Amino acid sequence: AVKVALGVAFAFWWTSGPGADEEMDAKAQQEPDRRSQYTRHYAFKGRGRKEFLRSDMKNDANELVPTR
Amino acid sequence: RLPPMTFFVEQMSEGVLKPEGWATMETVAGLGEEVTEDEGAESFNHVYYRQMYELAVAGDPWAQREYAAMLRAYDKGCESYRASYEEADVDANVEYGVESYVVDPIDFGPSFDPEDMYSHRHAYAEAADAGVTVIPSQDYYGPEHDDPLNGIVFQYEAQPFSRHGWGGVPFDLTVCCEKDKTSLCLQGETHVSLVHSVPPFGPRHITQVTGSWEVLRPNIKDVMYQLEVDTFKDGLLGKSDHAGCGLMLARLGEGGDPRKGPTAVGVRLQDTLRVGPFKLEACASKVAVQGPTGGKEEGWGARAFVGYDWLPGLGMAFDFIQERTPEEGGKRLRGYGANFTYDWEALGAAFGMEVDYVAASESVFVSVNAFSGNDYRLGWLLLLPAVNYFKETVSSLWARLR
Amino acid sequence: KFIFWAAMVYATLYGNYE
Ligand SMILES: [Mg+2]
């Protein structure tokens with residue numbers, strides 16, 4: 001009861017900062033998005049294709065077994 | 001009609017790589033008795049047994065002993081493994097009758113459909129093993145009253161030219177096929193690894209050949225070919241230094257014919273280095289693509305990761321592109337970026353922070369994520385967007401009452 | 001420049017071994 005009153009009362013003061021709309025314009029002015037994670041993909045359709053990064057490839061172990 | 005050259009520059013500079021090696025048959029390596037894993041020992045054994053075979057054929061009783069002992073362990077392990085197959089078959093014929101074992105159907109997530117309307121189509125008998133693996137390939141927007149999967153991806157992997165489990169030429173292949181009465185999608189990739197030397201017979205020296213092709217009818221009516229040859233060696237500047245070089249060729253064959261069309265040629269380098277307390281991994285590339293009609297277009301790319309002993313938890317990476325369009329004397333178009341990450345734990349929660357800088361538009365992107373598996377103390381910040389919504393509700397409810 | 005000559009420095013010194 002006291003906590004949910006004091007948190008909202010502090011939010012009223014902290015949210016009421018000056019200007020408050022130029023930063024909306026600053027954030028929305030960069031309509032190019034944040035840069036997204038790179039994957040190897042095909043040129044025509046963009047399905048992922050397998051990678052040979054050393055820090056992942058150094059953990060891999062395979063073996064050979066006879067067939068039936 | 002060819003892809004942009006930034007695609008090739010990103011593809012040819014993606015970090016320090018490592019090729020495909022030899023896999024060992026575990027019952028004959030370490031004859032009879034159980035083993036453990038180590039790369040140098042397996043790589044030694046594969047070339048050691050070919051050498052002892054050549055010496056045993058030439059004469060040489062000491063090599064004949066080793067090769068005959070390997071043959072004895074090989075026969076014993078093979079007969080044991082077929083006995084295990086017979087035992088598994090008898091156990092399956094006991095547990096079920098003449099019935100077979102059935103897989104789980106694929107989960108596609110929630111829908112406004114009864115979710116077992118088509119689940120009986122993806123429950124099938126196994127077949128157990130034939131060499132290849134299949135996965136179904138799904139599209140982003142499926143049909144409304146049906147399952148979204150449309151294509152099939154096949155995967156194969158082998159080691160053909162071995163003598164008795166001492167292999168030669170690691171090889172693998174992957175084909176995606178979607179065929180219907182309207183369109184046709186056919187992508188493919190193959191890798192072949194060739195090992196020249198391993199220690200103590202030399203240093204580790206491995207080349208790798210990659211081929212890939214792209215067909216997409218009736219949208220494109222041209223096919224895409226790529227070929228990559230790249231070579232790695234551990235050394236060249238000091239002990240255990242993982243260096244590598246490579247080249248790439250690409251073409252857009254017009255009508256499918258690989259003799260006509262625009263071409264792309266590129267080369268790349270990688271290296272690692274350790275100076276002071278700084279360990280760095282760097283790679284760089286240059287591509288010399290041909291345009292549709294304009295001619296030469298060239299680009300440079302580079303990536304670097306700076307590992308640091310002290311403060312072993314800060315990750316920091318740097319990236320660069322340079323563009324050289326025609327009228328090259330005044331159209332040098334640079335671009336470079338930085339990336340930092342760190343990681344804390346506080347208040348019973350695990351925090352991770354990532355700071356990103358793009359440096360053309362002077363923007364800093366900060367992103368923090370947290371995870372509290374203990375309590376809801378992390379929700380005290382949830383009072384921040386709940387106030388403003390009220391300030392956008394009453395201000396609506398005022399304007400809706402006027 | 002940088003990734004033509006030094007992209008053949010590595011190629012020549014890899015050919016120097018094999
Ligand atoms: Mg597909």
Side-chain angles (χ1 to χ4, degrees), chain A residues 1-39, chain B residues 4 6 10 140 278 301-308 310-323 325 330-402:
Chain A
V2 181
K3 291 287 187 176
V4 294
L6 191 42
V8 172
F10 190 78
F12 281 137
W13 182 85
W14 198 83
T15 314
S16 62
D21 61 343
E22 280 288 329
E23 267 82 8
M24 185 64 73
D25 211 336
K27 178 171 192 74
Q29 200 61 39
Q30 299 181 159
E31 308 95 13
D33 286 328
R34 316 160 72 93
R35 316 180 301 192
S36 188
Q37 174 195 282
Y38 159 77
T39 47
Chain B
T6 57
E10 283 163 4
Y140 195 32
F278 297 94
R303 278 202 212 268
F305 300 93
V306 202
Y308 210 21
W310 4 80
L311 295 174
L314 163 63
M316 64 182 179
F318 304 90
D319 171 47
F320 173 80
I321 197 153
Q322 165 163 275
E323 176 55 56
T325 56
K331 294 295 182 183
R332 298 181 73 186
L333 214 58
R334 297 181 136 81
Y336 62 97
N339 205 314
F340 309 89
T341 64
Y342 205 67
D343 186 74
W344 288 277
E345 290 182 356
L347 289 188
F351 289 83
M353 183 179 72
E354 169 151 51
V355 182
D356 182 38
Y357 180 46
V358 178
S361 68
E362 291 177 352
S363 198
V364 191
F365 295 123
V366 192
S367 68
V368 186
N369 63 6
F371 185 82
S372 181
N374 288 130
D375 197 333
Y376 295 143
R377 287 195 298 275
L378 197 65
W380 278 114
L381 176 63
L382 196 43
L383 282 72
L384 202 49
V387 159
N388 282 316
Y389 201 93
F390 283 140
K391 308 206 164 146
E392 297 152 12
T393 305
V394 170
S395 173
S396 75
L397 282 177
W398 195 268
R400 288 172 193 176
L401 275 181
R402 183 176 291 172

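We use all heavy atoms of the structure for the numbers below, so side chains are in, but hydrogens, waters and symmetry mates are not. Below, chain A is the first sequence line, B the second, and so on; all start at residue 1.
The structure places CG of B:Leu397 at 12.5 Å from CD of B:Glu392, a figure rounded to the nearest 0.5 Å. In this structure, the separation between OG on B:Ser395 and CZ on B:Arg400 is 10.0 Å, given to the nearest 0.5 Å. Distance OG/B:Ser396 to CZ/B:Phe390: 11.5 Å, rounded to 0.5 Å. With values rounded to the nearest 0.5 angstrom, B:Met316 atom CE is found 10.5 Å from B:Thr341 atom OG1. Between the OG atom in B:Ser363 and the NZ atom in A:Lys27 there is a gap of 8.5 Å [rounded to 0.5 Å]. Interatomic distance, CZ of A:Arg35 versus CG of B:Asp319, reported as 7.0 Å (0.5 Å rounding).
The backbone N or O of A:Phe12 lies less than 3.5 Å from no partner atom in the side chain of A:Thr15, so there is not a single donor-acceptor pair. Formation of a donor-acceptor pair under 3.5 Å by the B:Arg377 side chain with backbone atoms of B:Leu347 is found in this model.
Sparse packing is recorded around OH of B:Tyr376, with 12 or fewer heavy atoms of other residues, nucleotides or ligands lying under 6.0 Å away. Counting heavy-atom neighbours within 6.0 Å of A:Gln37 CD, excluding the residue itself, gives a total of 12 or less.
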Could you give me the CA-CA distance, side-chain angles and deciding distance for B:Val355 and B:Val364, then say whether side-chain contact (heavy atoms from CB on, under 4.5 Å) is met? CA-CA 7 Å; B:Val355 182; B:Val364 191; 3.7 Å; yes

side-chain contact (heavy atoms from CB on, under 4.5 Å) assessment of A:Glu23 paired with A:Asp25: CA-CA 5 Å; A:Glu23 267 82 8; A:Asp25 211 336; over 6 Å; no

side-chain hydrogen bond (donor to acceptor under 3.5 Å, both in side chains) assessment of B:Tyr342 paired with B:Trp344: CA-CA 7 Å; B:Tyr342 205 67; B:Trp344 288 277; 5.2 Å; no

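Side chains of B:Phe365 and B:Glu354 form no contact here, defined as non-hydrogen atoms less than 4.5 Å apart. Residues A:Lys3 and B:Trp380 have side chains in contact (heavy-atom distance under 4.5 Å, counting atoms from C-beta outward). Residues B:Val368 and B:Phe351 meet the side-chain proximity criterion, which asks for heavy atoms closer than 4.5 Å. Annotation: side chain of B:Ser361 is in contact with side chain of A:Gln30 (closest heavy-atom distance under 4.5 Å). Side-chain atoms of A:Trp14 and B:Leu384, non-hydrogen and from C-beta on, do get closer than 4.5 Å to each other. Put simply, the side chain of B:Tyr357 does not reach to within 4.5 Å of the side chain of B:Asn339, judged on heavy atoms. Contact check for B:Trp398 versus B:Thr393: no side-chain heavy atoms found under the 4.5 Å cut-off. The shortest side-chain heavy-atom distance between B:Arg332 and B:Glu323 does not fall under the 4.5 Å cut-off.
When all heavy atoms are compared, the tightest approach of B:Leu383 to A:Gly7 is CD2-C, 3.6 Å. For the residue pair B:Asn374 and B:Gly348, the shortest heavy atom distance occurs at OD1-O, 3.4 Å. The minimum heavy-atom distance between A:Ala1 and A:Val4, with the atom names listed, is O-CG2, 3.4 Å. B:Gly352 approaches B:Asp343 most closely through the heavy-atom pair CA-OD1, 3.9 Å.
Residues B:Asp356 and A:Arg34 are not paired through a salt bridge, judged by the lack of any N-O separation under 4.0 Å between the basic side chain and the carboxylate.
With ring centers used as reference points, B:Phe318 lies 6.0 Å or more from B:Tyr336.
Relative ring orientation between A:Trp13 and A:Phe10 is described as tilted, the plane-to-plane angle lying within the 30° to 60° band.
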